[PDB]
Amino acid sequence: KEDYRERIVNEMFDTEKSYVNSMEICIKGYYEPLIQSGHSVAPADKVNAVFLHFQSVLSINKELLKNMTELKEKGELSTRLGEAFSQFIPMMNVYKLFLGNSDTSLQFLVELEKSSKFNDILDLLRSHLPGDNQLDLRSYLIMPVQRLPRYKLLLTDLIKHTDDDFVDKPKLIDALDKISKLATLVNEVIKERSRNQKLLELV
Amino acid sequence: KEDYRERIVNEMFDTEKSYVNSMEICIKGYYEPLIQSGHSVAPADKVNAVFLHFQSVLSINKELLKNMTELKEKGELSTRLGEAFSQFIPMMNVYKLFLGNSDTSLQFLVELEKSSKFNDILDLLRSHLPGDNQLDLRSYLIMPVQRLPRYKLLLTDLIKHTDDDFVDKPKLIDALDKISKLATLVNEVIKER
């Protein structure tokens with residue numbers, strides 16, 4: 001049914017805007033302050049290894065949102081959404097690199113986070129984030145990791161509800177095919193879990 | 001490990017405020033306009049069967065947030081959160097009633113939603129829902145149904161990370177025990193036809 005379909009389309013759009021907006025707030029709010037200042041317990045190399053490949057994800061997602069926004073204001077998003085994805089999907093390797101750095105990124109965060117002074121700086125930077133949703137760093141760094149499975153979810157349900165008479169349908173299928181290829185998120189979730197909880201018992 | 005714990009505490013608090021705030025926006029923004037406007041295509045009985053037991057959930061959750069907020073400003077939420085739950089968990093039966101009505105609520109929504117005029121009213125009301133995330137109706141009506149599992153999640157993780165020297169620990173255990181009882185009822189429903 002058309003109106004169920006519309007909902008999914010709107011959810012994807014609304015969670016994308018949300019996602020890109022959050023990402024810009026982590027760059028503007030955390031990354032940039034660290035690279036400008038608070039230098040002592042937060043060396044640039046440590047900070048950069050933490051954020052490596054994040055602007056890269058923001059970049060391609062911001063372009064995806066742009067095209068999605070272009071279509072929506074023209075009242076043609078339901079019918080050409082897979083057009084927006086066709087520019088996006090082949091830029092995905094960025095997601096591979098980001099995912100690929102998550103183990104390292106987290107190892108450096110946890111090392112930094114031994115410093116009490118460092119923690120205070122981070123808590124300070126957070127208190128300057130806009131909105132009521134002032135999330136901690138991890139809660140931003142994880143978002144690219146979380147996006148992919150949501151795409152899978154969203155696109156699966158949208159395809160199931162898209163007739164073959166939609167010209168856009170193959171474009172959605174291509175997208176789900178390539179997005180699904182990044183099912184290694186589970187490996188990433190697992191390894192992030194272990195590192196975060198390694199030192200319940202001892203180290 | 002203490003700082004992992006702090007996170008969960010803060011997530012619960014932040015998702016509660018979010019939750020109660022969303023709920024007030026559904027009452028103020030959808031329910032109240034429908035009941036005042038008295039549209040032919042949205043009669044009170046239909047509307048009320050749809051929203052039945054929702055204000056009741058808002059009420060007890062708003063009191064939970066109150067107490068959580070009281071504790072936070074006093075810098076003592078980490079350590080007395082299960083105190084806040086102590087007033088809440090026994091008021092849960094309203095969650096039973098709300099859950100219990102979901103089949104009916106949704107049946108009436110889907111019947112209403114045959115009317116093109118009805119859908120336009122709803123889309124109009126939404127346009128006036130505040131903020132970027134002006135959600136549709138079902139996205140509000142489902143939130144109580146989603147809350148319970150998150151409590152279970154969050155409390156399970158918080159207990160696991162709370163040593164026995166915390167005086168509040170039994171209070172968290174009580175809560176998980178009773179919330180678990182209601183989370184048994186949480187299942188899925190069909191996109192038939």
# chains A, B, ... in the order shown; residues from 1 in each chain; ligands from 1
>>> interface_residues(of="chain A", to="chain B", cutoff="12 Å", atoms="only C-alpha atoms", output="PyMOL selection string")
chain A and resi 1+3-8+10-11+13-18+21+110+113-114+116+119+123+131-139+157+160-161+193+196-203
>>> write_last_selection(atoms="C-alpha atoms", output="JSON list (two decimals), in the first residue's frame")
[["chain", "number", "residue", "atom", "x", "y", "z"],
["A", 1, "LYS", "CA", 0.00, 0.00, 0.00],
["A", 3, "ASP", "CA", 0.83, 5.05, 2.42],
["A", 4, "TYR", "CA", 2.82, 2.38, 4.28],
["A", 5, "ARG", "CA", 5.52, 2.86, 1.65],
["A", 6, "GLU", "CA", 5.45, 6.63, 2.07],
["A", 7, "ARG", "CA", 6.17, 6.13, 5.80],
["A", 8, "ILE", "CA", 9.36, 4.10, 5.16],
["A", 10, "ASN", "CA", 9.90, 9.40, 5.23],
["A", 11, "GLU", "CA", 11.67, 7.42, 7.98],
["A", 13, "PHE", "CA", 14.76, 10.71, 5.02],
["A", 14, "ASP", "CA", 14.09, 11.74, 8.63],
["A", 15, "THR", "CA", 16.75, 9.41, 10.07],
["A", 16, "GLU", "CA", 19.25, 10.60, 7.43],
["A", 17, "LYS", "CA", 18.78, 14.30, 8.23],
["A", 18, "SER", "CA", 19.02, 13.34, 11.89],
["A", 21, "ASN", "CA", 23.01, 16.64, 11.59],
["A", 110, "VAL", "CA", 39.98, 4.31, 26.22],
["A", 113, "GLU", "CA", 40.06, 8.27, 29.01],
["A", 114, "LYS", "CA", 42.43, 7.17, 31.76],
["A", 116, "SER", "CA", 40.80, 12.48, 34.62],
["A", 119, "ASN", "CA", 37.41, 13.28, 30.81],
["A", 123, "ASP", "CA", 32.37, 16.59, 29.65],
["A", 131, "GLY", "CA", 19.86, 20.76, 21.87],
["A", 132, "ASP", "CA", 18.69, 18.47, 24.68],
["A", 133, "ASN", "CA", 20.35, 15.49, 22.98],
["A", 134, "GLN", "CA", 23.90, 16.31, 24.00],
["A", 135, "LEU", "CA", 25.43, 12.86, 23.46],
["A", 136, "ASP", "CA", 28.82, 11.62, 24.59],
["A", 137, "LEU", "CA", 31.53, 10.90, 22.03],
["A", 138, "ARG", "CA", 31.02, 7.10, 21.74],
["A", 139, "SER", "CA", 27.40, 7.79, 21.04],
["A", 157, "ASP", "CA", 10.85, -3.19, 3.95],
["A", 160, "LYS", "CA", 8.91, -5.63, -0.25],
["A", 161, "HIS", "CA", 6.38, -2.80, -0.61],
["A", 193, "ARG", "CA", 31.98, -4.81, 23.08],
["A", 196, "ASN", "CA", 34.81, -1.80, 26.42],
["A", 197, "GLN", "CA", 34.41, -4.61, 28.92],
["A", 198, "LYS", "CA", 37.93, -6.09, 28.98],
["A", 199, "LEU", "CA", 38.72, -4.55, 32.35],
["A", 200, "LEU", "CA", 35.80, -5.74, 34.48],
["A", 201, "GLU", "CA", 37.99, -8.51, 35.94],
["A", 202, "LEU", "CA", 41.49, -7.01, 35.56],
["A", 203, "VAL", "CA", 42.95, -5.36, 32.57]]
>>> residues_around(residues="residue 88 in chain A", least_positions_apart="4", cutoff="10 Å", atoms="only C-alpha atoms", output="number ranges by chain")
A: 60-65, 67, 82-84, 92, 175
>>> write_last_selection(atoms="N, CA and C atoms", output="PDB file, in the first residue's frame")
ATOM      1  N   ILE A  60      29.857  12.011   2.326  1.00  0.00           N
ATOM      2  CA  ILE A  60      29.073  11.305   1.328  1.00  0.00           C
ATOM      3  C   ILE A  60      27.602  11.233   1.740  1.00  0.00           C
ATOM      4  N   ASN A  61      27.361  11.173   3.047  1.00  0.00           N
ATOM      5  CA  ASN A  61      26.013  11.213   3.600  1.00  0.00           C
ATOM      6  C   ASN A  61      25.394  12.600   3.448  1.00  0.00           C
ATOM      7  N   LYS A  62      26.166  13.668   3.638  1.00  0.00           N
ATOM      8  CA  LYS A  62      25.626  15.004   3.403  1.00  0.00           C
ATOM      9  C   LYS A  62      25.194  15.172   1.938  1.00  0.00           C
ATOM     10  N   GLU A  63      25.945  14.617   0.976  1.00  0.00           N
ATOM     11  CA  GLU A  63      25.567  14.686  -0.432  1.00  0.00           C
ATOM     12  C   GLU A  63      24.307  13.856  -0.689  1.00  0.00           C
ATOM     13  N   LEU A  64      24.171  12.719  -0.002  1.00  0.00           N
ATOM     14  CA  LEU A  64      22.996  11.885  -0.159  1.00  0.00           C
ATOM     15  C   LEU A  64      21.767  12.639   0.325  1.00  0.00           C
ATOM     16  N   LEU A  65      21.907  13.317   1.476  1.00  0.00           N
ATOM     17  CA  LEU A  65      20.832  14.116   2.047  1.00  0.00           C
ATOM     18  C   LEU A  65      20.482  15.269   1.108  1.00  0.00           C
ATOM     19  N   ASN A  67      20.662  15.381  -2.135  1.00  0.00           N
ATOM     20  CA  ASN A  67      19.898  14.922  -3.282  1.00  0.00           C
ATOM     21  C   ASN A  67      18.503  14.492  -2.824  1.00  0.00           C
ATOM     22  N   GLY A  82      15.927   5.996  -5.139  1.00  0.00           N
ATOM     23  CA  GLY A  82      17.030   5.139  -5.552  1.00  0.00           C
ATOM     24  C   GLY A  82      17.995   5.852  -6.491  1.00  0.00           C
ATOM     25  N   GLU A  83      17.506   6.910  -7.161  1.00  0.00           N
ATOM     26  CA  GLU A  83      18.378   7.869  -7.833  1.00  0.00           C
ATOM     27  C   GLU A  83      19.391   8.461  -6.850  1.00  0.00           C
ATOM     28  N   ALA A  84      18.949   8.921  -5.674  1.00  0.00           N
ATOM     29  CA  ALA A  84      19.861   9.512  -4.695  1.00  0.00           C
ATOM     30  C   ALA A  84      20.913   8.502  -4.232  1.00  0.00           C
ATOM     31  N   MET A  92      30.762   4.041  -0.810  1.00  0.00           N
ATOM     32  CA  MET A  92      30.667   3.289   0.435  1.00  0.00           C
ATOM     33  C   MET A  92      32.022   2.901   1.033  1.00  0.00           C
ATOM     34  N   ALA A 175      21.039  -0.919  -4.355  1.00  0.00           N
ATOM     35  CA  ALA A 175      21.477  -0.318  -3.107  1.00  0.00           C
ATOM     36  C   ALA A 175      21.494  -1.360  -1.994  1.00  0.00           C
TER      37      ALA A 175
END
>>> select_by_dssp(residues="range 15-120 of chain B", states="alpha helix (DSSP H)", output="PDB file with C-alpha atoms, in the first residue's frame")
ATOM      1  CA  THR B  15      15.574   8.669  26.916  1.00  0.00           C
ATOM      2  CA  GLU B  16      12.949   9.223  29.651  1.00  0.00           C
ATOM      3  CA  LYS B  17      12.889  13.009  29.217  1.00  0.00           C
ATOM      4  CA  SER B  18      12.730  12.394  25.480  1.00  0.00           C
ATOM      5  CA  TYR B  19       9.903   9.898  25.969  1.00  0.00           C
ATOM      6  CA  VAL B  20       7.738  11.991  28.265  1.00  0.00           C
ATOM      7  CA  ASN B  21       8.365  15.068  26.078  1.00  0.00           C
ATOM      8  CA  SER B  22       7.252  13.192  22.925  1.00  0.00           C
ATOM      9  CA  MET B  23       4.175  11.968  24.762  1.00  0.00           C
ATOM     10  CA  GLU B  24       3.093  15.456  25.762  1.00  0.00           C
ATOM     11  CA  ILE B  25       3.488  16.520  22.120  1.00  0.00           C
ATOM     12  CA  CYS B  26       1.162  13.755  20.922  1.00  0.00           C
ATOM     13  CA  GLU B  32      -6.501  17.530  21.940  1.00  0.00           C
ATOM     14  CA  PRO B  33      -7.147  18.990  18.420  1.00  0.00           C
ATOM     15  CA  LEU B  34      -9.138  15.937  17.412  1.00  0.00           C
ATOM     16  CA  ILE B  35     -11.302  16.133  20.570  1.00  0.00           C
ATOM     17  CA  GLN B  36     -11.884  19.908  20.272  1.00  0.00           C
ATOM     18  CA  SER B  37     -12.371  20.093  16.477  1.00  0.00           C
ATOM     19  CA  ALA B  44     -14.763  11.299  19.760  1.00  0.00           C
ATOM     20  CA  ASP B  45     -15.489   7.638  20.353  1.00  0.00           C
ATOM     21  CA  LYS B  46     -13.142   6.604  17.569  1.00  0.00           C
ATOM     22  CA  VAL B  47     -10.479   9.064  18.752  1.00  0.00           C
ATOM     23  CA  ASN B  48     -10.849   8.052  22.383  1.00  0.00           C
ATOM     24  CA  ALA B  49     -10.643   4.331  21.667  1.00  0.00           C
ATOM     25  CA  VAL B  50      -7.451   5.115  19.773  1.00  0.00           C
ATOM     26  CA  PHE B  51      -5.829   7.088  22.601  1.00  0.00           C
ATOM     27  CA  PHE B  54      -2.212   7.045  26.935  1.00  0.00           C
ATOM     28  CA  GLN B  55      -2.585  10.034  29.270  1.00  0.00           C
ATOM     29  CA  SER B  56      -2.371   7.377  32.012  1.00  0.00           C
ATOM     30  CA  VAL B  57       1.063   6.340  30.815  1.00  0.00           C
ATOM     31  CA  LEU B  58       2.168   9.947  30.356  1.00  0.00           C
ATOM     32  CA  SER B  59       1.088  10.640  33.951  1.00  0.00           C
ATOM     33  CA  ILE B  60       3.129   7.978  35.735  1.00  0.00           C
ATOM     34  CA  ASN B  61       6.144   8.504  33.442  1.00  0.00           C
ATOM     35  CA  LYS B  62       5.988  12.269  34.064  1.00  0.00           C
ATOM     36  CA  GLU B  63       6.150  11.562  37.842  1.00  0.00           C
ATOM     37  CA  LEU B  64       9.081   9.189  37.267  1.00  0.00           C
ATOM     38  CA  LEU B  65      10.887  11.945  35.338  1.00  0.00           C
ATOM     39  CA  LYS B  66      10.053  14.432  38.092  1.00  0.00           C
ATOM     40  CA  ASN B  67      11.785  12.305  40.718  1.00  0.00           C
ATOM     41  CA  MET B  68      14.681  11.513  38.386  1.00  0.00           C
ATOM     42  CA  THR B  69      15.058  15.218  37.745  1.00  0.00           C
ATOM     43  CA  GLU B  70      14.892  15.998  41.463  1.00  0.00           C
ATOM     44  CA  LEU B  71      17.759  13.549  42.099  1.00  0.00           C
ATOM     45  CA  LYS B  72      19.906  14.729  39.197  1.00  0.00           C
ATOM     46  CA  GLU B  73      19.883  18.426  40.247  1.00  0.00           C
ATOM     47  CA  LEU B  77      20.713  10.125  40.516  1.00  0.00           C
ATOM     48  CA  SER B  78      23.485   7.567  39.920  1.00  0.00           C
ATOM     49  CA  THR B  79      23.064   6.355  43.464  1.00  0.00           C
ATOM     50  CA  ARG B  80      19.270   6.564  44.071  1.00  0.00           C
ATOM     51  CA  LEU B  81      17.762   5.889  40.635  1.00  0.00           C
ATOM     52  CA  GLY B  82      15.973   2.774  42.008  1.00  0.00           C
ATOM     53  CA  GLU B  83      14.314   5.108  44.509  1.00  0.00           C
ATOM     54  CA  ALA B  84      12.677   6.838  41.484  1.00  0.00           C
ATOM     55  CA  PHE B  85      11.582   3.491  40.080  1.00  0.00           C
ATOM     56  CA  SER B  86      10.047   2.555  43.424  1.00  0.00           C
ATOM     57  CA  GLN B  87       7.092   4.890  42.889  1.00  0.00           C
ATOM     58  CA  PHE B  88       6.832   4.024  39.207  1.00  0.00           C
ATOM     59  CA  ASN B  93      -0.892  -1.702  35.394  1.00  0.00           C
ATOM     60  CA  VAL B  94      -1.609   1.313  33.184  1.00  0.00           C
ATOM     61  CA  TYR B  95       0.980  -0.112  30.816  1.00  0.00           C
ATOM     62  CA  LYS B  96      -1.037  -3.376  30.890  1.00  0.00           C
ATOM     63  CA  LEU B  97      -4.201  -1.489  29.959  1.00  0.00           C
ATOM     64  CA  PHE B  98      -2.460   0.465  27.231  1.00  0.00           C
ATOM     65  CA  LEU B  99      -0.769  -2.630  25.774  1.00  0.00           C
ATOM     66  CA  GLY B 100      -4.083  -4.415  26.182  1.00  0.00           C
ATOM     67  CA  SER B 102      -3.294  -1.819  21.156  1.00  0.00           C
ATOM     68  CA  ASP B 103      -5.247  -4.214  18.903  1.00  0.00           C
ATOM     69  CA  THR B 104      -8.403  -2.091  19.246  1.00  0.00           C
ATOM     70  CA  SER B 105      -6.579   1.223  18.969  1.00  0.00           C
ATOM     71  CA  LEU B 106      -4.935   0.145  15.713  1.00  0.00           C
ATOM     72  CA  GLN B 107      -8.124  -1.346  14.275  1.00  0.00           C
ATOM     73  CA  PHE B 108      -9.882   1.974  14.789  1.00  0.00           C
ATOM     74  CA  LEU B 109      -6.940   3.939  13.304  1.00  0.00           C
ATOM     75  CA  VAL B 110      -6.923   1.839  10.119  1.00  0.00           C
ATOM     76  CA  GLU B 111     -10.703   2.274   9.779  1.00  0.00           C
ATOM     77  CA  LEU B 112     -10.368   6.048  10.208  1.00  0.00           C
ATOM     78  CA  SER B 116      -8.852  10.787   2.626  1.00  0.00           C
ATOM     79  CA  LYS B 117     -10.208  13.807   4.566  1.00  0.00           C
ATOM     80  CA  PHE B 118      -9.091  12.197   7.823  1.00  0.00           C
ATOM     81  CA  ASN B 119      -5.570  11.665   6.523  1.00  0.00           C
ATOM     82  CA  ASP B 120      -5.373  15.336   5.486  1.00  0.00           C
TER      83      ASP B 120
END
>>> atom_distance(atom1="CA of residue 48 in chain A", atom2="CA of residue 148 in chain A")
23.0 Å
>>> residues_around(residues="residue 23 in chain A", least_positions_apart="6", cutoff="10 Å", atoms="only C-alpha atoms", output="short mmCIF file (atom, residue, chain, number, x, y, z; two decimals) with N, CA and C atoms, in the first residue's frame")
data_model
loop_
_atom_site.label_atom_id
_atom_site.label_comp_id
_atom_site.auth_asym_id
_atom_site.auth_seq_id
_atom_site.Cartn_x
_atom_site.Cartn_y
_atom_site.Cartn_z
N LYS A 17 18.62 12.93 7.78
CA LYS A 17 18.78 14.30 8.23
C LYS A 17 19.27 14.28 9.67
N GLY A 29 31.59 20.00 17.45
CA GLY A 29 31.48 20.05 18.90
C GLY A 29 32.62 19.37 19.66
N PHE A 54 35.87 9.96 9.49
CA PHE A 54 34.54 10.29 9.99
C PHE A 54 33.98 11.43 9.15
N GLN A 55 34.78 12.48 8.96
CA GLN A 55 34.45 13.53 8.01
C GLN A 55 34.13 12.92 6.65
N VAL A 57 32.74 10.05 6.01
CA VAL A 57 31.39 9.51 6.04
C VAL A 57 30.39 10.66 6.04
N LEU A 58 30.61 11.66 6.89
CA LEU A 58 29.75 12.84 6.86
C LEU A 58 29.65 13.35 5.42
N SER A 59 30.77 13.44 4.72
CA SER A 59 30.78 14.02 3.38
C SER A 59 29.77 13.33 2.44
N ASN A 61 27.36 11.17 3.05
CA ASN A 61 26.01 11.21 3.60
C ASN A 61 25.39 12.60 3.45
N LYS A 62 26.17 13.67 3.64
CA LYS A 62 25.63 15.00 3.40
C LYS A 62 25.19 15.17 1.94
N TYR A 140 28.35 9.28 19.31
CA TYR A 140 28.48 9.80 17.96
C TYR A 140 29.31 8.85 17.07
N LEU A 141 30.44 8.36 17.58
CA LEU A 141 31.35 7.57 16.76
C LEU A 141 30.69 6.27 16.30
N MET A 143 27.55 5.94 15.36
CA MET A 143 26.38 6.17 14.52
C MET A 143 26.59 5.67 13.10
N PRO A 144 27.76 5.86 12.48
CA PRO A 144 27.99 5.29 11.16
C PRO A 144 27.88 3.78 11.22
#
